[PDB]
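Observations on the model geometry
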Amino acid sequence: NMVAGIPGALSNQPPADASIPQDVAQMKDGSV
Amino acid sequence: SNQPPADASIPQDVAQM
Amino acid sequence: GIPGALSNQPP
Amino acid sequence: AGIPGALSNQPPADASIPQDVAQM
Amino acid sequence: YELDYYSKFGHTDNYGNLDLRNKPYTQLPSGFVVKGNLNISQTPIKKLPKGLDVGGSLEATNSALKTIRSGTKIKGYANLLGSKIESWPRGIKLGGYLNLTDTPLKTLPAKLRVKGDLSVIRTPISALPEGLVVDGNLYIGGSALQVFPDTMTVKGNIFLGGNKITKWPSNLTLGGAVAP
Amino acid sequence: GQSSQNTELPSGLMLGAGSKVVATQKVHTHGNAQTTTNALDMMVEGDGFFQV
Amino acid sequence: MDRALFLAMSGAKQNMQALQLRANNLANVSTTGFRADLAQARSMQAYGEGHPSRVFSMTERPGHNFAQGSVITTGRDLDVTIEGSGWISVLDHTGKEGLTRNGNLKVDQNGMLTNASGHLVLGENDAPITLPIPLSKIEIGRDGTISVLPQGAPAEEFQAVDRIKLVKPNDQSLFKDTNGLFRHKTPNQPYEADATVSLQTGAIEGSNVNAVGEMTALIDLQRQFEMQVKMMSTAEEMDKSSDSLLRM
Amino acid sequence: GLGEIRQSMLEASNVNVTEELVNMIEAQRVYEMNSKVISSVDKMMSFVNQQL
Amino acid sequence: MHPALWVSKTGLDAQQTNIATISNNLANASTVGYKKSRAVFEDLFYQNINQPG
């Protein structure tokens, strides 16, 4: 499986701060 | 360990996890 | 394929 | 053991004794 | 001395949790009500007041607590680690686990119900009460227990931790596994 | 731009954009009378507007 | 590098957002019927495996200041202010009803009673108030009753035509919407008129923003902001020094 | 319901000079307060790109 | 911006109405069948921060 996402400032935030797009946050689990 | 560690939870309300 | 990625070609 | 008042990083559950800390 | 109403206010957080860590208080007023969690760790308190009510969890780790009187209501868990409690009173309404590790506890109430986990680790307790019901994990490691009662109920895992059990309960239904 | 739900949590935090002047309202309160000796100046007591 | 760089950045970012909320308060000091916005920070810990050392903080609005605003006596008949607690029920451009405290009312060319924001004023039948076009003297009552004199009628023909819908719900159950109107947190909650709300006609209620209260909060957000940005630089400094463990 | 015409009388302005001066005081202090916020934001950002 | 700023402005407005009534009485000191007038003062509503009783 492939794991991915936005690095840096946006990801190093609590989930309440919805900077990360919803579908990109899904990729951070697993994909194939 | 033989399994990946779980992620970190940062909830705005611990009652809803 | 990252859903909704920007492209690099004039719209 | 060591320090007597160390914290626990696990979320509160009130039903399971936290084993993260050195509970002895 | 003893805690007053004004001294109580200076040890309470926004959501109503009383923090008495290292504070020199000896006794609390009867009919005491706490909005949230209660912390009496490292306190010279030897007795909890009758009619004590805690809206959260009771924290008495490494304290001098020795006696808890019946009728106390605790919504959360009870953590009496390293305290001087020798016996557990009957009729305590506990909404969480009971951690009695490294305490001089010797006796337990008959048919005690623990809605969470139970700990008797490294305690001089000689035998568990009959009809014990545990909804979580039971840790008896390093204790003096060697014989279980005729009937007991554990809904999680049972951890022997090193002590040798010779007489197992006749009626036992286990939701988990047994670990030495 | 999703809104409402939990407005007392970090998720539902709402930020303003400042202030503005929406209207300059005319206060048509009847004024005091000046008594003059000129015979060609006139006044309306109560509601009314002269027409030119 | 170290995660304390983003842990402090996530704190400095919220301080700017808190600063924006205080900026909106001071910009609205002269606004009519404005309820001040409170700013607070919530401590949220990253629960998981490891030592409990990282705790994020986010700024959020816990509520609003519902204290009585400054009353401006203007002598104008169509100026109303709520005495004590209470609200005026109005419907916005879309049509959804909501509560307002701006009593800078006016009468259009057709008699419909609006406020300074353009919201239509609800009446006794939960409908916008429509007064007769040829008026002579509008005299609002203390309880909200609107008594108007028809044009050309004698002064003794004073009759009531409507009663402004005044609602006094629990202030803690209200949230400010995207246009300054307070509505119920629970959807589909009827706004029931109250018989205790009073209207002081001839006066306008101003803002309740405490200017010094915002200023003294500003000088503390700046200092907290500057402390965290120093942490970002010192975390950068630590990583640069540790870059000499792969030189070999 | 129309008003009456009064000859040799004039309707003075309905301005309240004292009321305008009081409004001038409030508008002046609010004007200065917002400038304080602008200076505070500028000084905060100036600290970032200088220190960091 | 300050409650005392607007509370005292109501006092200023109240006196202006009061003086205007006094000036009207002195102006009509020779009018036949004129009945003098006096302004009636009253306090505005009180903010109920703490309930008495």
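Rules of the game
- Residues numbered from 1 in each chain as written, not as in the entry; some residues may be left out.
- Chains lettered and ligands numbered in written order.
- Part of a larger assembly, values for the part shown.
- Heavy atoms only, no water.
- Core = buried A, V, L, I, M, F, W, Y, C linked by side-chain atoms within 4.5 Å.
- Buried < 20%, exposed > 50% of the residue type's maximum accessible area, 1.4 Å probe, protein only.
- Helix = DSSP H or I, 4+ residues; strand = E, 2+ residues; numbered from the N terminus.
- Contact = heavy atoms within 4.5 Å.
- Buried area = accessible area lost by both parts, 1.4 Å probe.
- Salt bridge = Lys/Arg side-chain N within 4 Å of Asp/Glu carboxyl O.
- Polar contact = N/O pair within 3.5 Å; in protein donor to acceptor, adjacent residues only side chain to side chain.
- Nonpolar A, V, L, I, M, F, W, Y, C, P; charged D, E, K, R; others polar.
- Pairing = 2+ DSSP bridges.
- Axes fitted to C-alpha atoms, helices over the stretch in contact; angles between N-to-C directions.

As recorded in the PDB, this entry has the title "Cryo-EM structure of the polar flagellar motor-hook complex".

Turning to the nonpolar core, a few remarks are in order. Grouped together as the largest cluster of nonpolar side chains are 45 residues, with contacts concentrated most on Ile40, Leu80, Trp88 and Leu128 of chain E. Breaking this core down by element, the ones donating at least two residues are β12 (132-134) and β14 (152-154) of chain E. Apart from the residues within four sequence positions on either side, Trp88 of chain E is in contact with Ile68, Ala78, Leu80, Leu94, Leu98, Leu105, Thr107, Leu108, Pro109 and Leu112 of chain E. With 19 residues, the next largest nonpolar core counts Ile82, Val90, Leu131 and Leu181 of chain G among its residues.

In this section: the arrangement of the chains. Where the 15 pairs of chains in contact are concerned, the greatest contact count is recorded for chains F and H. The least C-alpha distance between chain A and chain H, which are not in contact, is 16 Å. Chain C makes no contact with chain I; the smallest distance between any of their C-alpha atoms is 49 Å.

Once that is clear, we can look at the interface of chain G and chain B. Chain G puts 7 residues into the contact, and the matching count from chain B is 8 residues. Counting the surface lost from both chain G and chain B, the interface buries some 580 Å², and carbon and sulfur atoms represent 63% of this. The largest per-residue losses of area from chain G upon contact with chain B belong to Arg42, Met44 and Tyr47 of chain G, which jointly make up 68% of the total buried on that side. One can count 0 salt bridges joining chain G with chain B. Our count for the contact surface shared by chain G and chain B stands at 2 residue pairs in polar contact. Of the residues in the side of chain G that touches chain B, the class split is 4 nonpolar, 2 polar and 1 charged.

Attention now goes to unusual backbone geometry. With phi around 60°, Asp102 of chain E is a residue other than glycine that occupies positive phi space. For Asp102 of chain E, a relative accessible area of 27% puts it in the partly exposed group. Although it is not a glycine, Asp126 of chain G sits at a positive phi angle of roughly 55°. The topology assignment puts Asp126 of chain G in the loop between β11 (120-121) and β12 (135-140). Classification of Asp126 of chain G as partly exposed rests on a relative accessible area of 35%.

Residues and elements named next belong to chain G. The strand order across the open sheet formed by 3 strands is β12-β13-β14, and the pairing between neighbours is antiparallel. Of all strands in the sheet, those with a lone pairing partner are β12 and β14 (159-163), marking the two edges. Between one strand and the next, the sheet's axes are offset by a mean angle of 30°, whatever the strand orientation. Relative to β14, strand β13 (residues 145-150) runs antiparallel, the two sharing 4 bridges. Its bridge partner lying in β14, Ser147 is registered against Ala160.

Further remarks concern the pattern of salt bridges. Overall, the coordinates contain 23 salt bridges over all chains when judged by the stated rule. Among the salt bridges present, the one from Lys28 of chain A reaches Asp7 of chain B, with a minimum N-O distance of 3.4 Å. Taking the relative accessible area as the measure of exposure, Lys28 of chain A reaches 40% and is therefore partly exposed. A residue is classified by how much of its surface remains accessible, and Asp7 of chain B, at 51% relative accessible area, is exposed.

The subject of this paragraph is the sheet that holds strand β1 (residues 18-19) of chain E. Residue and element names in this part refer to chain E. Taken together, the 9 strands give an open sheet; going across it, the order is β1-β3-β5-β7-β9-β11-β13-β15-β16, and neighbouring strands pair in parallel fashion. Strands with a single pairing partner mark the edges of an open sheet, and in this sheet they are β1 and β16 (178-179). As paired strands, strand β7 (residues 78-79) and strand β9 (residues 98-99) are joined by 2 bridges and run parallel to one another. Each residue of the ladder has a partner; that of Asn79, found in β9, is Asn99.

Attention now moves to the interface of chain F and chain H. The interface is formed by 20 residues belonging to chain F together with 12 residues belonging to chain H. Buried surface at the junction of chain F and chain H, summed over both partners, amounts to about 1,500 Å²; 52% is from carbon and sulfur atoms. For chain F, the biggest contributors to the area lost against chain H are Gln34, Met43 and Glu45 of chain F; these three give 38% of the whole. Counting the contacts that link chain F with chain H gives 1 salt bridge. Here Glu45 of chain F and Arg6 of chain H are joined by a salt bridge, their closest N and O atoms 2.9 Å apart. Linking chain F with chain H are 11 residue pairs in polar contact. Residue assignment for the side of chain F that touches chain H shows that the elements contributing at least two residues are β1 (33-35) and β2 (42-45) of chain F. Top element by residues in the side of chain F that touches chain H is β2 of chain F. It accounts for 4 residues. Of the residues assigned to the side of chain F that touches chain H, the class counts are 7 nonpolar, 10 polar and 3 charged. Summarising the sheet, β1 of chain F and strand β2 (residues 9-11) of chain H pair through 3 bridges and their orientation is antiparallel. The residue of β2 of chain H that forms the bridge with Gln34 of chain F is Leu10 of chain H.

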